[PDB]
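Neighbour counts run over all protein chains shown; Cβ positions are idealised from the backbone, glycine included. Laboratory data are not the source of any read-out in this text; all were calculated from the coordinates shown.
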Amino acid sequence: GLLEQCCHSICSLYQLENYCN
Amino acid sequence: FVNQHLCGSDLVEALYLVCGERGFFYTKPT
């Protein structure tokens, strides 16, 4: 579920900011 | 952002800005 929601759909930098160390 | 499909290195791009110098942790290149 990291790029699947952004590649298989759309996402917001909000939940994407969680993939940062 | 609003509605945009992120995929490939484009992911680290979204992270690049939010974190960038924070060294994000996206996945790798397959």
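Between a first residue in the stretch B:3-30 that is on the phi > 0 side of the Ramachandran plot and a second residue that is part of a loop (DSSP other than H, G, I, E, B), which pairs have beta carbons less than 8 Å apart while being 6 or more apart in sequence or on different chains?
B:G8/A:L3; B:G23/A:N21
Which of the residues belonging to the stretch B:2-30 are among the β-branched types (V, I, T), within 7 Å of chain A (Cβ to nearest Cβ) and in a loop (DSSP other than H, G, I, E, B)?
Hit for the stretch B:2-30 is B:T27, nothing else.
Which of the residues belonging to chain A are surrounded by 15 or more Cβ atoms within 10 Å (Cβ to Cβ) and more than 7 Å from every other protein chain (Cβ to nearest Cβ)?
A:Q5
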